[PDB]
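Here is the structure we will look at, set down as structure tokens.
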2 protein chains.
Amino acid sequence: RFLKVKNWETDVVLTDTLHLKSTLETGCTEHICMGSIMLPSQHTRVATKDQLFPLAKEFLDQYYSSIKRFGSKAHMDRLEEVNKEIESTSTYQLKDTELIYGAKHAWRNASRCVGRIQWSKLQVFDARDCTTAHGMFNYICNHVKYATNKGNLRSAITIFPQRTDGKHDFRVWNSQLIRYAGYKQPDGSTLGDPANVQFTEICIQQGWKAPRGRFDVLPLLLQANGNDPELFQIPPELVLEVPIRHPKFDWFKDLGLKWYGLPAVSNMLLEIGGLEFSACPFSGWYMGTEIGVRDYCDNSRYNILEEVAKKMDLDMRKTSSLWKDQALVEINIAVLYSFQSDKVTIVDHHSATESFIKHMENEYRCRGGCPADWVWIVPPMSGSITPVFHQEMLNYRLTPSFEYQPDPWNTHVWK
Amino acid sequence: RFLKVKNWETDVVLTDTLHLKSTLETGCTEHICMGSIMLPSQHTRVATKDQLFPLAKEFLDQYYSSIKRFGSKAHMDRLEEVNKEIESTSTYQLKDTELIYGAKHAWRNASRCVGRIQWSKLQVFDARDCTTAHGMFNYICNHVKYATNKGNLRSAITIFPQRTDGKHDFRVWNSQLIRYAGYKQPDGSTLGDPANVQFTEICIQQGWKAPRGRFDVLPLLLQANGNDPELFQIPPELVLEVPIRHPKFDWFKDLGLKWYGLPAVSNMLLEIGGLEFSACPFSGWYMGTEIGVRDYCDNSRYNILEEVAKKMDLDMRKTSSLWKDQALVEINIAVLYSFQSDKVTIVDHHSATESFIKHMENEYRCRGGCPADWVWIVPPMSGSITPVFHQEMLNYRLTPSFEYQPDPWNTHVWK
Ligand code: HEM
Ligand code: HEM
Ligand SMILES: Cc1cc(N)nc(COc2cc(CCN3CCC3)cc(F)c2F)c1
Ligand SMILES: Cc1cc(N)nc(COc2cc(CCN3CCC3)cc(F)c2F)c1
Ligand SMILES: C[C@H](O)[C@H](O)[C@H]1CNc2nc(N)[nH]c(=O)c2N1
Ligand SMILES: C[C@H](O)[C@H](O)[C@H]1CNc2nc(N)[nH]c(=O)c2N1
Ligand SMILES: [Zn+2]
């Protein structure tokens, strides 16, 4: 088919033929839709040689087709050359160019990502020569420094060697390079970030000297070629942080919150031409809601709506006073304010969602489509006053892609 | 299968086997998901006699199974009796009991409805004896009065005769029984409600004396047995309205807004046992966001975020001041306040979404499932601070159901 998606705020219509090239499955059948299951058996990530050539063939056929050298001799030699090498070694290696293309297009194809207008502006750091945890720590530190750029943030990805057998496997055990620690208390309450409490304990299991407080930058746990991971502390000077004040409430400093500048997802798996990159941390800059709404106000995250309402002196008795809503807008005004007053790159959820629509336009004109996940594109506050609420989005799974993968501490055969 | 849905705020898991009894299709394939297309060719509504018996059989098999008389003689006689009548007339008629059951279960199965905890408490008004537009006006007026109950709102539905040939067809041309008018201006701007401007013109086409202002209660356009529709004005005393003030801002009265108490969708189609009820207006009470967020603040609806921000004296220059968000919480505090201070039934979006989770529990315990549409369940503001943001929902199409249908003024062969 050649499906149509509509915007109901603007009566704009686009036509999607890109979904035809789609390959992977979604979890939805004809009789059930599953667009709200968080981690489906599809989106989560062992492969053989027979399976491997079509995936190389397909990938190389789009990559040459993109530089305007489709199916020619430079193409067919390269198809022959990897075909041969996949006979010989049963796997193969990517040209430096094929890696940059594959990486940028895994982001371009990430349907849950609102910020994809910047997909082509991605710095690829090739760390396929890495052998040790120390080498990983060094590539990662150089990633942080470059991406952070003293607050003028830049998108980057660092790609450690691809999985081979499966038991020799590079992994960053952190879910993000920079996260705050999470400790449980005597009464059972939680200090820091409740999300990471299990991870924080694994780091103490391996000998972390926790400064058992709130915003405690976790160390890195780096697994190299299947070996047992090792702890490393990012130099504090390389960890940029923003203290959250408000442009009205002088008591907002007293709240005493802060966040890190650099969102940098490290636990994902990067698929290119059938090869699997189990360590591939990637970074950009924050949309405000990801801190102000989710990090700070999720019930099982920092859960600050309590204290902020109290200090605003709010009708906190009734549910229908909307005191939760009132304090969520102020918390998000203060996150934005703080970040921009410190020259640290941040986008508000209005600006970013307007850009995604602009982006969808381009993707539909110059590519014939753009897979998008409305459940995840719409910002977690003020949904319908942002234009993506009113935009129909076809979700489908293209490749190259980022995929979820099981946490290594269940998989990793220890020793 | 026997699928599992998770809540990620509470780590609660439910098992869904109800989807197995599902019948209709959703629009999603294995390779595409379409859970964000507004009106899919599925959800929109001509049927023959061969098709008709299985649908009667299936419906009667669940209805007797519910009163604890599954497949017995009272059952088999009734299956024989409608089978015979479907031979004879090629259609059939529903027992008063089968109509109440079918109606309540069309609501129970409406996966986009957040308020379904009250599905069993539904007043069914059987208007299948109606022959004229005047009879329709009278059934509808009695609906409004009963449902409104002087602000203590009650759920009701009024069911005009089922479609037969297709060209003799009862329709309420209004989309809701009570809506405000929409007129265009000289400069092209819009007074009233821009949604209805086409409808408002059709009513003036048929001779409405528009009081060309804002909150102008539209007249009813009633089509009876295929005949050309006729205009009727609900008695003003039967149209309950709530003037919107704020519990801080004395200037909020000066804004000069008001809304009607009774949400009452009239343009839907009710499917029961294979029979199609083209006129079936149904009502309950409002969730606040439906007025404060969508009606009042949609760009192509009343679009009041401008004036409210101005009066709050807001940093309206930058996008990232979040002035749009700030004025949306106040507008929604004032809608709730006003409605409850006037003893008119209204639910806030926190209260209603907590109830839907409680409801989902019951539906999964005592029925094995509950189809839900996350795109439409999550409230259009403060999504993630309400528990339905964190709840995975399987969407699937059961029957009896409400279905969309084309507007009659394109279909109706005039004269
Ligand atoms: C440029 C600034 C960026 C912004 C503002 C941004 C924003 C977001 C947001 C809000 C989400 C939803 C996830 C959540 O809310 O927790 C997301 C998802 C995602 N983004 Fe982006 N992102 C950016 C850059 C990047 C980069 C550089 C990459 C890859 C190189 C990337 C790939 C992804 C992926 C894979 C997902 C998740 C898809 C899934 O879970 O299946 N993003 N992003
Ligand atoms: C009891 C109070 C009720 C509340 C608070 C409520 C709330 C809602 C909301 C917020 C929606 C989403 C639509 C939108 O936002 O525009 C919805 C949809 C819907 N509701 Fe309910 N509703 C109520 C009663 C009812 C009743 C009495 C019926 C039927 C007898 C019903 C059947 C439906 C249907 C069919 C839909 C739309 C599904 C679709 O578009 O496919 N609801 N409701
Ligand atoms: C580079 C970047 C910039 C930015 N601003 N935000 C992000 C967050 O992206 C991601 C978030 C998650 C976590 C899913 N959530 C935790 C439970 C649900 C997984 C991913 F794979 C992402 F890519 C990334
Ligand atoms: C009884 C009741 C109570 C309440 N509080 N709200 C509603 C609204 O329900 C509905 C809304 C729509 C319109 C869809 N929108 C317009 C463009 C998108 C269609 C339906 F079929 C509904 F049922 C109904
Ligand atoms: C159950 C549901 O799928 C889950 O809460 C999703 C909903 N949409 C989301 N959207 C974003 N951007 N991030 C999220 O974590 C989620 N969580
Ligand atoms: C494009 C999208 O499907 C459309 O805007 C939907 C999204 N979710 C919704 N949810 C509700 N409750 N009401 C709506 O009108 C919509 N609109
Ligand atoms: Zn789907």
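A note on labels: chains of the structure tokens are A, B, ... as shown, every chain counts residues from 1, and ligands are counted from 1 in their shown order.
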Find the residues of chain B in contact range of chain A, meaning any atom within 6 Å when counting only C-alpha atoms, and list them as a ChimeraX atom specification. /B:25-26,28-34,36-37,320,348,380-384,392,394-396
Site check for ligand 3: residues at most 8 Å away, only C-alpha atoms and all ligand atoms, as a ChimeraX atom specification: /A:38,113,115,155,262-265,267-268,282-287,290,402-404
Selection export as a PDB file, in the first residue's frame, atoms kept: C-alpha atoms:
```pdb
ATOM      1  CA  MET A  38       7.200  -0.786  26.761  1.00  0.00           C
ATOM      2  CA  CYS A 113      13.172   9.755  19.354  1.00  0.00           C
ATOM      3  CA  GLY A 115      15.017  14.936  18.451  1.00  0.00           C
ATOM      4  CA  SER A 155      25.965  14.697  19.405  1.00  0.00           C
ATOM      5  CA  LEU A 262      24.889  15.243  29.112  1.00  0.00           C
ATOM      6  CA  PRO A 263      22.233  12.615  28.337  1.00  0.00           C
ATOM      7  CA  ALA A 264      24.233   9.658  27.136  1.00  0.00           C
ATOM      8  CA  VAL A 265      22.510   6.285  26.732  1.00  0.00           C
ATOM      9  CA  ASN A 267      23.115   0.143  27.356  1.00  0.00           C
ATOM     10  CA  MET A 268      21.683  -0.078  23.831  1.00  0.00           C
ATOM     11  CA  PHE A 282      25.483   7.815  22.348  1.00  0.00           C
ATOM     12  CA  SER A 283      24.762  11.331  23.529  1.00  0.00           C
ATOM     13  CA  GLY A 284      23.016  14.539  22.645  1.00  0.00           C
ATOM     14  CA  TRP A 285      21.342  17.302  24.704  1.00  0.00           C
ATOM     15  CA  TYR A 286      18.227  17.228  26.910  1.00  0.00           C
ATOM     16  CA  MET A 287      14.660  18.114  26.283  1.00  0.00           C
ATOM     17  CA  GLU A 290      13.035  14.510  30.595  1.00  0.00           C
ATOM     18  CA  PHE A 402      19.196   0.675  18.008  1.00  0.00           C
ATOM     19  CA  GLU A 403      17.748  -2.220  19.979  1.00  0.00           C
ATOM     20  CA  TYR A 404      17.256  -2.967  23.654  1.00  0.00           C
TER      21      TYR A 404
END
```
Set the distance at 7 Å and use only C-alpha atoms: which residues neighbour residue 61 of chain A once local chain neighbours fewer than 4 positions away are removed? I'd like the list as number ranges by chain. A: 57, 65, 70-71
Take the residues from that selection and put them in a file with C-alpha atoms, as a JSON list (two decimals), in the first residue's frame.
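Written output follows (selection_34.json):
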```json
[["chain", "number", "residue", "atom", "x", "y", "z"],
["A", 57, "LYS", "CA", 23.68, -7.15, 0.95],
["A", 65, "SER", "CA", 22.44, 4.03, -3.37],
["A", 70, "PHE", "CA", 23.90, 2.31, -6.78],
["A", 71, "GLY", "CA", 24.69, -1.21, -7.94]]
```
So which bits of segment 212-276 of chain A end up helix (DSSP H, G or I) when you DSSP the backbone, as a ChimeraX atom specification? /A:236-238,251-255
Residue selection dump (N, CA, C and O atoms) as a short mmCIF file (atom, residue, chain, number, x, y, z; two decimals), in the first residue's frame:
```cif
data_model
loop_
_atom_site.label_atom_id
_atom_site.label_comp_id
_atom_site.auth_asym_id
_atom_site.auth_seq_id
_atom_site.Cartn_x
_atom_site.Cartn_y
_atom_site.Cartn_z
N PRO A 236 35.91 14.41 37.68
CA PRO A 236 34.78 15.29 38.02
C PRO A 236 34.70 16.51 37.13
O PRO A 236 33.60 16.96 36.79
N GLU A 237 35.86 17.05 36.74
CA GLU A 237 35.90 18.19 35.83
C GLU A 237 35.23 17.88 34.49
O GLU A 237 34.78 18.80 33.80
N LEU A 238 35.14 16.61 34.11
CA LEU A 238 34.50 16.26 32.86
C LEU A 238 33.00 16.03 33.00
O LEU A 238 32.34 15.81 31.98
N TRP A 251 13.38 30.67 47.07
CA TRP A 251 13.48 29.43 47.83
C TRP A 251 13.76 28.22 46.96
O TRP A 251 13.90 27.12 47.49
N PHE A 252 13.83 28.40 45.64
CA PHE A 252 14.06 27.28 44.75
C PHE A 252 15.51 26.80 44.78
O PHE A 252 15.76 25.61 44.58
N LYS A 253 16.46 27.71 44.98
CA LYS A 253 17.82 27.28 45.30
C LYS A 253 17.83 26.40 46.54
O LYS A 253 18.51 25.37 46.58
N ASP A 254 17.06 26.79 47.56
CA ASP A 254 17.04 26.04 48.82
C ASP A 254 16.59 24.60 48.61
O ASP A 254 17.05 23.71 49.33
N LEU A 255 15.69 24.36 47.65
CA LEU A 255 15.36 23.00 47.24
C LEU A 255 16.61 22.16 47.03
O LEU A 255 16.69 21.01 47.46
#
```
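Among B:111, B:370, B:143, B:91, the residue with the shortest atom-to-atom distance to ligand 6, counting only C-alpha atoms and all ligand atoms, is B:111.
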